[PDB]
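So the structure is just underneath, and the comments pick up after that.
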Amino acid sequence: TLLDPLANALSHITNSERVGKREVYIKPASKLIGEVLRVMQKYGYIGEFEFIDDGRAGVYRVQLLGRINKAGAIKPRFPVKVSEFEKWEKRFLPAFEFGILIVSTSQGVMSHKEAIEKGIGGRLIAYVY
Amino acid sequence: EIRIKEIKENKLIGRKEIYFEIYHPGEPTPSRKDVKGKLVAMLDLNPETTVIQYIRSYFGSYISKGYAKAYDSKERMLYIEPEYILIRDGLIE
Amino acid sequence: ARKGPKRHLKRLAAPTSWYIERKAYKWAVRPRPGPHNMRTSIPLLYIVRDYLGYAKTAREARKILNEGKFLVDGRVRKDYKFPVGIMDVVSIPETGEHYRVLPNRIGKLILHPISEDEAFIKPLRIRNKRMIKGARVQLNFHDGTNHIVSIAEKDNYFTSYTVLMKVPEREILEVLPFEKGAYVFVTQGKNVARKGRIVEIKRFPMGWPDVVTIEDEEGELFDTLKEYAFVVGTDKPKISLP
Amino acid sequence: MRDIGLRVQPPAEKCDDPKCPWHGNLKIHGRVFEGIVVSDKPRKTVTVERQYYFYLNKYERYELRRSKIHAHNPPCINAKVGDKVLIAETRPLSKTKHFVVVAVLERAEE
Amino acid sequence: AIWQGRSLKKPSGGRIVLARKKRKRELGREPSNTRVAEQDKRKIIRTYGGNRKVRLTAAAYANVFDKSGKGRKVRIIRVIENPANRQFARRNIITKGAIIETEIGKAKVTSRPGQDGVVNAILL
Amino acid sequence: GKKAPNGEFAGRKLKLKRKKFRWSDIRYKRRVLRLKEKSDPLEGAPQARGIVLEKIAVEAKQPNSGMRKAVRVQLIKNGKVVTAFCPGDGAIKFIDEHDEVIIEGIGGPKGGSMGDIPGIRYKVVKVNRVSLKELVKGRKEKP
Amino acid sequence: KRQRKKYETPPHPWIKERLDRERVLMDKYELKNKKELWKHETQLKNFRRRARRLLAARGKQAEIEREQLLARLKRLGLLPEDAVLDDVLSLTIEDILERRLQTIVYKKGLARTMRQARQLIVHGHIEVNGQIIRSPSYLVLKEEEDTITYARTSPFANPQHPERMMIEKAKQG
RNA sequence: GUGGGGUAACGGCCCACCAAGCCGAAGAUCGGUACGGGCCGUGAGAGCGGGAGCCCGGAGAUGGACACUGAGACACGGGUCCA
RNA sequence: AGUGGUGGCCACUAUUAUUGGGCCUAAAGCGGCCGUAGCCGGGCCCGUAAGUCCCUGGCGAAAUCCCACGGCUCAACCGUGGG
């Protein structure tokens with residue numbers, strides 16, 4: 001049975017781009033998936049992404065630019081404050097400031113870099129590099 | 001040679017505290033009596049009302065610090081100052 | 001285990017409000033009970049021996065105190081463990097030297113020298129209101145002293161109100177109330193040694209004290225416990241406050 | 001109706017017990033809590049339960065921990081199982097009783 | 001030694017072994033068992049902190065009060081009913097809340113003769 | 001499948017599993033029940049003072065061939081008797097019958113019998129309070 | 001609480017490369033023990049640790065400590081007056097070694113050899129600002145090197161001590 | 001729980017009655033082990049291990065038991081009893 | 001002016017695996033299925049705001065630890081100041 005749309009989606013993206021396809025369709029579409037898809041596209045990892053009204057749960061269509069190396073959803077929603085953030089960068093990224101992470105703060109789903117100056121903690125949701 | 005920095009008057013005790021430095025480059029450490037007779041000259045104090053406790057010469061240092069006290073009457077030391085620095089200065093046998 | 005009260009205090013465990021070399025010696029003088037609390041005051045011997053440096057040894061400080069030269073708020077105190085707390089005025093008339101004990105920004109006590117005109121006024125915060133038989137009202141101050149008034153004038157006093165207290169002959173002088181805009185000096189908390197003016201009074205239920213919002217001279221807004229706020233003037237401080 | 005200073009309407013009917021905060025002698029001070037009644041078999045006594053999470057350093061997940069509390073239940077409220085109840089610290093009542101119920105927020109039927 | 005110490009059992013029935021002895025402050029004292037007599041016998045006891053507790057052991061007089069508020073020093077004939085425990089009433093033992101038979105009639109005692117040293121009651 | 005449980009509210013099982021399987025470890029079991037500190041004849045003592053009873057030698061394990069000298073020591077502390085290897089060249093002659101001696105573990109694998117000689121656990125250091133190494137070197141004299 | 005050693009031993013006593021890299025400096029700088037070299041290595045490592053810690057820190061205390069660190073490094077004469085936090089990572093042991101009292105007093109031409117300078121120092125014959133120090137391991141600041149002269153009470157403050165002319169000729173030579 | 005006792009003081013701490021409660025598989029009870037903490041050792045750290053050495057809190061005078069006197073004790077250089 | 005032997009502890013070890021291990025053939029999936037507690041659970045809207053996050057008041061003693069300065073040649077050690 002399905003348990004988490006997001007991690008399935010990120011694994012879908014990564015596995016589809018290892019072979020290196022062009023258009024990827026994610027079946028279990030939800031709002032949080034779209035809020036996620038905003039972030040890295042704002043960093044230019046993916047091309048266009050859009051929503052298709054299927055009639056059951058909606059589909060998400062994405063074009064892949066061949067930019068991401070690994071994109072995965074950290075499951076156990078670790079809540080992290082601001083000043084200790086570096087302790088997690090060493091756990092999911094290959095180098096100093098390489099790649100990003102996604103946090104669901106009080107103000108919504110959004111990139112980790114933009115949260116440092118916004119000064120907001122929250123729970124880690126996913127990562128990509 | 002002895003040169004002063006601190007000359008401070010304690011009027012609750014009516015006593016003068018003198019912190020001074022002795023220049024002794026290359027010669028043995030001066031004794032108590034010598035500096036005792038030295039300070040009293042240009043400070044113009046009564047020798048019996050004047051007492052010295054310590055003169056510390058540091059390692060590898062030619063300038064040594066020293067502290068002396070200068071009272072006014074013969075009973076102030078007998079009352080307030082402890083009994084050692086009269087004997088070490090010879091003021092009490 | 002322990003069986004009764006103790007008369008000793010290690011130098012290490014001394015209160016953090018004291019400027020004392022902790023590792024100089026093993027032992028320190030135990031403060032006897034007195035006007036203020038342990039966190040608020042210091043033994044007089046440490047004032048004489050360390051802050052003033054008149055006496056190098058404790059024995060001569062004790063001798064001088066026995067001579068009674070030092071006046072504590074206009075009263076000679078020969079004891080060498082007396083606790084001197086906040087806004088107590090220490091006067092030595094032989095030098096004419098008068099100081100007021102005030103908290104540091106770090107939270108330690110320091111001596112602010114003052115002129116002679118300030119040496120006969122002590123501000124006391126009204127810690128509690130009670131009243132005794134004969135319908136005689138009594139006010140317990142923050143420094144552990146007590147004063148008696150009659151029932152008629154009771155509405156002119158409230159807890160936490162400041163009173164300028166002529167300590168030389170025990171005469172009330174003025175009553176500064178606890179109202180918005182009053183000039184206030186902090187005694188404890190992270191905002192210690194601050195002076196500002198009251199803005200808001202945050203009443204708190206469930207045993208939690210009131211919080212007062214104080215704005216500094218430059219307009220910085222902070223908060224502090226009501227007990228920690230000491231009123232010192234209606235609009236401007238009536239005393240020289242660092 | 002004598003004030004206790006807690007934001008709640010008193011129980012309607014009054015009780016003659018010397019242990020009712022609204023209608024007795026004992027008073028309310030100290031900590032307050034919210035819990036659920038699970039056992040009320042003995043006389044004028046309740047066993048409220050409170051659920052919460054606990055964090056661990058080594059595994060950084062959560063561990064449910066439970067707290068059972070014995071509060072006195074005066075007749076004016078008459079707590080039953082399935083009810084959400086506000087509890088307050090009191091003076092030592094008995095060997096185990098040290099709390100009292102002061103409000104019923106939702107009845108069992110809710 | 002009467003020890004008013006910890007219960008030696010846990011609430012869950014678990015046995016507890018005492019990690020420490022009995023301190024002096026935590027011991028109790030003998031029940032008064034105040035009896036009715038033709039005179040008034042009292043004991044003054046030095047207590048914790050140097051205070052004094054007066055304890056009435058024999059009682060011969062009582063303060064019967066009317067609902068209005070007036071008190072009368074009237075004698076005690078016998079005890080009627082002790083709701084606290086039925087053995088006391090037979091033994092002419094007086095405690096708080098007991099019902100006493102006096103010249104006025106029936107009175108309920110609202111005093112602590114083991115601590116107060118006096119007997120005060122309300123006519124019924 | 002996936003290593004489990006990974007849940008945010010799974011602390012109890014994630015802890016219990018690890019505690020349980022920490023018993024599958026052997027060194028931790030050896031420590032926490034202290035059975036090293038119950039089977040020991042030396043009762044956790046790197047040294048002990050004993051009396052010698054008789055000198056015995058043992059055959060080296062194959063292919064190593066020779067005669068390894070040693071003695072039998074009953075322990076004055078408690079009374080157990082163990083073998084005690086004697087090092088040094090011709091040192092058996094120096095160690096006599098009924099000698100106060102100081103004995104200490106031989107530092108093999110896990111403290112076992114060192115190298116090519118089996119069974120033994122300990123070696124001698126001082127004989128009648130005199131260090132045996134020098135007596136092998138002949139610098140000192142037995143009292 | 002028990003006072004701990006201030007220096008770190010090498011992780012392996014018998015690595016050829018590290019052993020010889022030590023030995024070259026021992027012969028060049030002539031220290032009594034490898035303990036001294038290890039102490040100075042640890043002294044460097046403290047600066048390195050502070051630098052790498054501070055470089056990743058965001059806060060007021062971080063910046064304040066950073067400025068204090070830079071200031072005291074410059075005071076020692078290790079760094080230029082316009083150094084930054086990035087160049088400390090390029091520092092070497094020899095930067096510390098040249099600041100040793102023995103090294104500096106030799107580079108003033110006050111001895112014909114490292115060991116001669118060490119002998120003069122340990123025998124209380126070299127003064128700094130009119131004060132005598134008997135520790136060749138001492139590290140000099142950037143505000144005191146000009147005060148490195150012969151001790152006045154020494155016979156070598158006298159310009160015609162027989163070794164003195166040979167010393168000055170070696171300076172010339 | 002009701003109503004009482006003794007306590008400096010509330011409390012089954014204790015007493016007379018009334019009723020069947022209380023705890024336990026998320027680990028009761030029983031047993032093993034052990035003064036708790038600030039801290040210390042190691043380690044890049046996650047962490048593992050330890051709590052004697054200095055300070056705070058807890059407790060004990062050979063094992064046990066008990067009073068008096070004192071604001072403060074069941075009292076190391078006060079007292080009484082058994083072994 | 002240390003240096004060796006031995007015993008206890010951490011690392012070496014990702015041989016305790018949260019970070020971070022394996023279970024076809026090397027120790028290691030129970031013969032199979034059902035099912036309670038527990039754990040993990042579909043999409044959208046509204047509310048609540050317990051967790052979650054930001055700000056702020058009180059509070060976690062001293063001692064130890066990090067850094068600057070100053071004093072004892074320096075150091076260790078001590079104080080002043082910030083953490």
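Residues in the structure tokens are numbered from 1 in each chain, the chains being A, B, ... in the order shown, and ligands are numbered from 1 in the order shown.
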
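Within 10 Å of residue 119 of chain A, once only C-alpha atoms (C1' of nucleotides) are used and residues closer than 5 positions along the same chain are dropped, the contacting residues are residues 81, 82, 83 and 114 of chain A; 54 of chain I.
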
| field | Selection: 12 Å around residue 33 of chain B, only C-alpha atoms (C1' of nucleotides), excl. self and same-chain fewer than 4 positions, as a PyMOL selection string | value | chain B and resi 29+37-40+47+50-53+55+88-91

Proximal residues of chain G relative to chain A (only C-alpha atoms; 10 Å) as a short mmCIF file (atom, residue, chain, number, x, y, z; two decimals) with C-alpha atoms, in the first residue's frame:
```
data_model
loop_
_atom_site.label_atom_id
_atom_site.label_comp_id
_atom_site.auth_asym_id
_atom_site.auth_seq_id
_atom_site.Cartn_x
_atom_site.Cartn_y
_atom_site.Cartn_z
CA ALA G 56 31.75 28.43 10.03
CA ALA G 57 30.15 30.45 12.87
CA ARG G 58 27.42 33.09 12.51
CA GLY G 59 26.99 35.39 15.48
#
```

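Shell of residue 76 of chain D at 9 Å, with only C-alpha atoms (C1' of nucleotides) counted and residues fewer than 3 places along the chain excluded, is residues 11, 12, 13, 14, 15, 20, 23 and 73 of chain D.
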
Selected residues written out with N, CA and C atoms, as a PDB file, in the first residue's frame:
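Result file out33.pdb:
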```pdb
ATOM      1  N   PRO D  11     -19.591  25.228  38.847  1.00  0.00           N
ATOM      2  CA  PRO D  11     -20.729  24.312  38.744  1.00  0.00           C
ATOM      3  C   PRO D  11     -21.983  24.952  39.312  1.00  0.00           C
ATOM      4  N   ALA D  12     -23.122  24.604  38.720  1.00  0.00           N
ATOM      5  CA  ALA D  12     -24.382  25.247  39.059  1.00  0.00           C
ATOM      6  C   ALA D  12     -24.725  25.051  40.526  1.00  0.00           C
ATOM      7  N   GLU D  13     -24.977  23.811  40.922  1.00  0.00           N
ATOM      8  CA  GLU D  13     -25.409  23.541  42.280  1.00  0.00           C
ATOM      9  C   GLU D  13     -24.217  23.493  43.225  1.00  0.00           C
ATOM     10  N   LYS D  14     -24.446  23.941  44.453  1.00  0.00           N
ATOM     11  CA  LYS D  14     -23.418  24.033  45.476  1.00  0.00           C
ATOM     12  C   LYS D  14     -23.424  22.785  46.348  1.00  0.00           C
ATOM     13  N   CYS D  15     -22.276  22.512  46.963  1.00  0.00           N
ATOM     14  CA  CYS D  15     -22.109  21.344  47.813  1.00  0.00           C
ATOM     15  C   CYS D  15     -21.624  21.772  49.187  1.00  0.00           C
ATOM     16  N   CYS D  20     -14.694  21.414  48.661  1.00  0.00           N
ATOM     17  CA  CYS D  20     -14.997  21.953  47.341  1.00  0.00           C
ATOM     18  C   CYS D  20     -14.344  23.313  47.176  1.00  0.00           C
ATOM     19  N   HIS D  23     -17.107  25.658  47.104  1.00  0.00           N
ATOM     20  CA  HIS D  23     -18.061  25.578  48.203  1.00  0.00           C
ATOM     21  C   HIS D  23     -17.505  24.800  49.389  1.00  0.00           C
ATOM     22  N   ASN D  73     -12.647  14.473  43.632  1.00  0.00           N
ATOM     23  CA  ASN D  73     -13.811  14.793  42.814  1.00  0.00           C
ATOM     24  C   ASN D  73     -14.972  15.199  43.711  1.00  0.00           C
TER      25      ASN D  73
END
```

| What's the 9 Å shell around residue 92 of chain F, counting only C-alpha atoms (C1' of nucleotides), without same-chain residues fewer than 2 positions away, as an NGL selection string? | :F and (55 or 69-71 or 86-90 or 94-96)

| query | Mind listing as a PyMOL selection string which residues of chain I are within 12 Å of chain B, counting only C-alpha atoms (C1' of nucleotides)? | reply | chain I and resi 72-74

Restrict the selected residues to N, CA, C and O atoms (P, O5', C5', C4', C3', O3' and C1' of nucleotides) and save them as a PDB file, in the first residue's frame.
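Final output, saved to result_22.pdb:
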```pdb
ATOM      1  P     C I  72      54.484  40.757  36.294  1.00  0.00           P
ATOM      2  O5'   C I  72      54.886  39.481  37.150  1.00  0.00           O
ATOM      3  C5'   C I  72      55.199  39.622  38.524  1.00  0.00           C
ATOM      4  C4'   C I  72      54.977  38.339  39.275  1.00  0.00           C
ATOM      5  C3'   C I  72      55.847  37.172  38.859  1.00  0.00           C
ATOM      6  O3'   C I  72      57.144  37.247  39.418  1.00  0.00           O
ATOM      7  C1'   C I  72      53.603  36.453  39.157  1.00  0.00           C
ATOM      8  P     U I  73      58.315  36.296  38.878  1.00  0.00           P
ATOM      9  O5'   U I  73      58.852  37.034  37.575  1.00  0.00           O
ATOM     10  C5'   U I  73      60.019  36.565  36.919  1.00  0.00           C
ATOM     11  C4'   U I  73      59.935  36.757  35.429  1.00  0.00           C
ATOM     12  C3'   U I  73      58.655  36.271  34.771  1.00  0.00           C
ATOM     13  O3'   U I  73      57.595  37.203  34.855  1.00  0.00           O
ATOM     14  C1'   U I  73      60.505  35.448  33.570  1.00  0.00           C
ATOM     15  P     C I  74      56.078  36.688  34.782  1.00  0.00           P
ATOM     16  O5'   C I  74      56.039  35.768  33.481  1.00  0.00           O
ATOM     17  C5'   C I  74      55.717  36.309  32.210  1.00  0.00           C
ATOM     18  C4'   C I  74      55.818  35.271  31.120  1.00  0.00           C
ATOM     19  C3'   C I  74      54.749  34.191  31.107  1.00  0.00           C
ATOM     20  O3'   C I  74      53.526  34.609  30.531  1.00  0.00           O
ATOM     21  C1'   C I  74      56.858  33.186  30.861  1.00  0.00           C
TER      22        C I  74
END
```

Identify every residue of chain A that has at least one atom within 6 Å of any atom of chain I, counting only C-alpha atoms (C1' of nucleotides), and report the result as a PDB file with N, CA, C and O atoms, in the first residue's frame.
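Output file result-v2.pdb follows:
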```pdb
ATOM      1  N   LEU A   3       2.143   4.899   1.158  1.00  0.00           N
ATOM      2  CA  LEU A   3       2.270   5.536   2.457  1.00  0.00           C
ATOM      3  C   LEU A   3       2.664   7.000   2.393  1.00  0.00           C
ATOM      4  O   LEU A   3       2.205   7.773   3.234  1.00  0.00           O
ATOM      5  N   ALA A  57      -6.778  11.806  -8.581  1.00  0.00           N
ATOM      6  CA  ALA A  57      -5.866  12.501  -7.685  1.00  0.00           C
ATOM      7  C   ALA A  57      -4.940  13.468  -8.403  1.00  0.00           C
ATOM      8  O   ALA A  57      -4.061  14.046  -7.755  1.00  0.00           O
ATOM      9  N   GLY A 121      13.042  28.303  11.689  1.00  0.00           N
ATOM     10  CA  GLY A 121      13.224  26.872  11.791  1.00  0.00           C
ATOM     11  C   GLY A 121      12.083  26.138  11.118  1.00  0.00           C
ATOM     12  O   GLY A 121      11.268  26.713  10.396  1.00  0.00           O
ATOM     13  N   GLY A 122      12.029  24.845  11.366  1.00  0.00           N
ATOM     14  CA  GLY A 122      10.982  24.019  10.804  1.00  0.00           C
ATOM     15  C   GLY A 122      11.487  22.606  10.634  1.00  0.00           C
ATOM     16  O   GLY A 122      12.593  22.279  11.036  1.00  0.00           O
TER      17      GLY A 122
END
```

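Near residue 83 of chain D, within 10 Å and counting only C-alpha atoms (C1' of nucleotides), sit residues 35, 36, 37, 38, 48, 79, 80, 81, 85, 86, 104, 105, 106, 107, 108, 109 and 110 of chain D; same-chain residues fewer than 2 positions away were not included.
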
Print the selection's residues with N, CA, C and O atoms to a file, as a short mmCIF file (atom, residue, chain, number, x, y, z; two decimals), in the first residue's frame.
```cif
data_model
loop_
_atom_site.label_atom_id
_atom_site.label_comp_id
_atom_site.auth_asym_id
_atom_site.auth_seq_id
_atom_site.Cartn_x
_atom_site.Cartn_y
_atom_site.Cartn_z
N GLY D 35 -6.68 16.56 31.63
CA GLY D 35 -6.59 15.14 31.38
C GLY D 35 -7.92 14.48 31.10
O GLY D 35 -8.93 15.17 30.92
N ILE D 36 -7.94 13.15 31.04
CA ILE D 36 -9.14 12.37 30.75
C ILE D 36 -9.37 11.39 31.88
O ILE D 36 -8.43 10.79 32.39
N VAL D 37 -10.63 11.24 32.28
CA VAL D 37 -10.98 10.33 33.35
C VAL D 37 -11.03 8.92 32.80
O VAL D 37 -11.68 8.66 31.79
N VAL D 38 -10.34 8.00 33.48
CA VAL D 38 -10.35 6.60 33.09
C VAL D 38 -10.89 5.69 34.18
O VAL D 38 -11.41 4.61 33.86
N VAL D 48 -7.27 10.54 36.66
CA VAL D 48 -7.15 11.16 35.35
C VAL D 48 -5.85 10.72 34.70
O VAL D 48 -4.84 10.49 35.36
N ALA D 79 -17.59 13.78 38.24
CA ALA D 79 -16.88 13.32 37.07
C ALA D 79 -17.16 11.84 36.79
O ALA D 79 -17.39 11.05 37.71
N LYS D 80 -17.14 11.49 35.51
CA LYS D 80 -17.32 10.12 35.06
C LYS D 80 -16.24 9.80 34.04
O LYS D 80 -15.48 10.67 33.61
N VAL D 81 -16.15 8.53 33.66
CA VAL D 81 -15.15 8.11 32.69
C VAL D 81 -15.52 8.66 31.32
O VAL D 81 -16.70 8.85 31.00
N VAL D 85 -11.11 16.80 31.88
CA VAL D 85 -11.20 17.45 33.18
C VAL D 85 -9.96 18.28 33.44
O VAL D 85 -8.84 17.89 33.11
N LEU D 86 -10.17 19.44 34.07
CA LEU D 86 -9.09 20.30 34.52
C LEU D 86 -8.80 20.00 35.98
O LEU D 86 -9.73 19.88 36.80
N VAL D 104 -15.03 20.58 34.24
CA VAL D 104 -15.35 19.54 33.27
C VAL D 104 -15.58 20.25 31.95
O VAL D 104 -16.53 21.03 31.82
N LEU D 105 -14.72 19.98 30.98
CA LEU D 105 -14.78 20.70 29.71
C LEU D 105 -15.72 20.03 28.72
O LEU D 105 -16.50 20.72 28.05
N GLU D 106 -15.66 18.71 28.60
CA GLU D 106 -16.59 17.96 27.78
C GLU D 106 -17.04 16.72 28.54
O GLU D 106 -16.22 16.01 29.14
N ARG D 107 -18.34 16.48 28.52
CA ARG D 107 -18.89 15.30 29.17
C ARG D 107 -18.47 14.05 28.41
O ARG D 107 -17.85 14.11 27.35
N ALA D 108 -18.82 12.89 28.97
CA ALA D 108 -18.49 11.63 28.32
C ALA D 108 -19.14 11.52 26.95
O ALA D 108 -18.53 11.03 26.00
N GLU D 109 -20.40 11.97 26.84
CA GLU D 109 -21.13 11.82 25.58
C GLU D 109 -20.44 12.55 24.43
O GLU D 109 -20.66 12.19 23.27
N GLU D 110 -19.64 13.56 24.73
CA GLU D 110 -18.89 14.26 23.69
C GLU D 110 -17.59 13.51 23.38
O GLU D 110 -16.68 14.05 22.76
#
```

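Of the residues under consideration (D:19, D:44, D:5, D:55), D:55 shows the shortest atom-to-atom contact distance to chain A when counting only C-alpha atoms.
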
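Here atom CA of residue 198 of chain C stands at a distance of 7.3 Å from atom CA of residue 179 of chain C.
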
| request: Taking the DSSP assignment computed from this structure's backbone, write out as a ChimeraX atom specification all residues of chain E that belong to alpha helix (DSSP H). | output: /E:86-90

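When only C-alpha atoms are used to measure the gap to residue 59 of chain D, the shortest distance among A:55, A:78, A:42, A:50 belongs to A:78.
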
Kindly assemble as a Markdown table a list of the chain A residues that lie within 12 Å of chain D, each paired with its nearest atom pair and their distance in Å to one decimal, using only C-alpha atoms, sorted first by chain and then by ascending residue number.
```
| residue | atom | partner | partner_atom | distance |
| --- | --- | --- | --- | --- |
| A:75 | CA | D:61 | CA | 11.9 |
| A:76 | CA | D:61 | CA | 8.3 |
| A:77 | CA | D:61 | CA | 9.9 |
| A:78 | CA | D:60 | CA | 8.2 |
| A:79 | CA | D:60 | CA | 9.9 |
| A:80 | CA | D:60 | CA | 11.5 |
```

For the residues in that selection, give me N, CA, C and O atoms as a PDB file, in the first residue's frame.
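Written out: again27.pdb:
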```
ATOM      1  N   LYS A  75      12.669  11.118   5.413  1.00  0.00           N
ATOM      2  CA  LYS A  75      11.373  10.761   5.966  1.00  0.00           C
ATOM      3  C   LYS A  75      11.139  11.419   7.315  1.00  0.00           C
ATOM      4  O   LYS A  75      10.210  12.223   7.442  1.00  0.00           O
ATOM      5  N   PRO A  76      11.934  11.135   8.340  1.00  0.00           N
ATOM      6  CA  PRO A  76      11.432  11.367   9.699  1.00  0.00           C
ATOM      7  C   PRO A  76      11.430  12.828  10.133  1.00  0.00           C
ATOM      8  O   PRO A  76      11.783  13.119  11.279  1.00  0.00           O
ATOM      9  N   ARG A  77      11.015  13.735   9.236  1.00  0.00           N
ATOM     10  CA  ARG A  77      10.598  15.105   9.527  1.00  0.00           C
ATOM     11  C   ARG A  77      11.339  15.733  10.693  1.00  0.00           C
ATOM     12  O   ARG A  77      10.712  16.246  11.622  1.00  0.00           O
ATOM     13  N   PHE A  78      12.656  15.671  10.672  1.00  0.00           N
ATOM     14  CA  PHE A  78      13.425  16.155  11.800  1.00  0.00           C
ATOM     15  C   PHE A  78      13.149  17.640  11.991  1.00  0.00           C
ATOM     16  O   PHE A  78      13.370  18.420  11.055  1.00  0.00           O
ATOM     17  N   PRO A  79      12.643  18.076  13.145  1.00  0.00           N
ATOM     18  CA  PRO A  79      12.535  19.517  13.390  1.00  0.00           C
ATOM     19  C   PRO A  79      13.903  20.091  13.715  1.00  0.00           C
ATOM     20  O   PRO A  79      14.630  19.555  14.552  1.00  0.00           O
ATOM     21  N   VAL A  80      14.255  21.177  13.037  1.00  0.00           N
ATOM     22  CA  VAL A  80      15.553  21.817  13.170  1.00  0.00           C
ATOM     23  C   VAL A  80      15.323  23.308  13.362  1.00  0.00           C
ATOM     24  O   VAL A  80      14.517  23.918  12.647  1.00  0.00           O
TER      25      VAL A  80
END
```

| field | Within 8 Å of segment 72-88 of chain E using only C-alpha atoms (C1' of nucleotides), minus same-chain residues under 4 positions, as a list in words | value | residues 36, 60, 61, 62, 63, 64, 65, 92, 93, 94, 95, 97, 98, 99, 100, 101, 102, 103, 104 and 106 of chain E; 3, 4, 16 and 17 of chain H

| field | Long-range neighbours of residue 31 of chain C as an NGL selection string, 7 Å cut-off, only C-alpha atoms (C1' of nucleotides), 3 positions minimum in chain | value | :C and (43 or 81-83)

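Between atom CA of residue 126 of chain G and atom CA of residue 22 of chain G the separation is 27.9 Å.
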
| message | Please find the residues of chain F near chain D - the criterion being any atom within 10 Å, counting only C-alpha atoms - and write them as a ChimeraX atom specification. | response | /F:6-15

Please dump the current selection as a CSV table (one decimal), in the first residue's frame; keep N, CA, C and O atoms.
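File produced: part-v3.csv:
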```csv
chain,number,residue,atom,x,y,z
F,6,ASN,N,11.5,3.0,11.7
F,6,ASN,CA,12.1,4.3,11.5
F,6,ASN,C,11.2,5.4,11.9
F,6,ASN,O,11.4,6.6,11.6
F,7,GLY,N,10.1,5.1,12.6
F,7,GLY,CA,9.1,6.0,12.9
F,7,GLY,C,9.5,7.1,13.9
F,7,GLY,O,10.3,6.9,14.8
F,8,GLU,N,9.0,8.3,13.7
F,8,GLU,CA,9.2,9.4,14.7
F,8,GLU,C,8.6,9.1,16.0
F,8,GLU,O,9.0,9.7,17.0
F,9,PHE,N,7.6,8.2,16.1
F,9,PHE,CA,7.0,7.8,17.4
F,9,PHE,C,7.3,6.4,17.7
F,9,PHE,O,6.5,5.6,18.3
F,10,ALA,N,8.5,6.0,17.4
F,10,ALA,CA,8.9,4.6,17.5
F,10,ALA,C,10.1,4.4,18.5
F,10,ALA,O,10.9,3.4,18.4
F,11,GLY,N,10.3,5.4,19.4
F,11,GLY,CA,11.4,5.3,20.3
F,11,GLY,C,11.5,4.1,21.1
F,11,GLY,O,12.6,3.5,21.3
F,12,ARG,N,10.4,3.7,21.6
F,12,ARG,CA,10.4,2.5,22.5
F,12,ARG,C,10.9,1.3,21.9
F,12,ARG,O,11.8,0.6,22.4
F,13,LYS,N,10.4,0.9,20.7
F,13,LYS,CA,10.9,-0.3,20.0
F,13,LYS,C,12.3,-0.1,19.5
F,13,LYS,O,13.1,-1.0,19.6
F,14,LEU,N,12.6,1.1,19.0
F,14,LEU,CA,14.0,1.3,18.5
F,14,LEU,C,15.0,1.2,19.6
F,14,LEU,O,16.1,0.8,19.3
F,15,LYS,N,14.6,1.5,20.8
F,15,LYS,CA,15.5,1.3,22.0
F,15,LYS,C,15.5,-0.1,22.4
F,15,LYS,O,16.6,-0.6,22.7
```
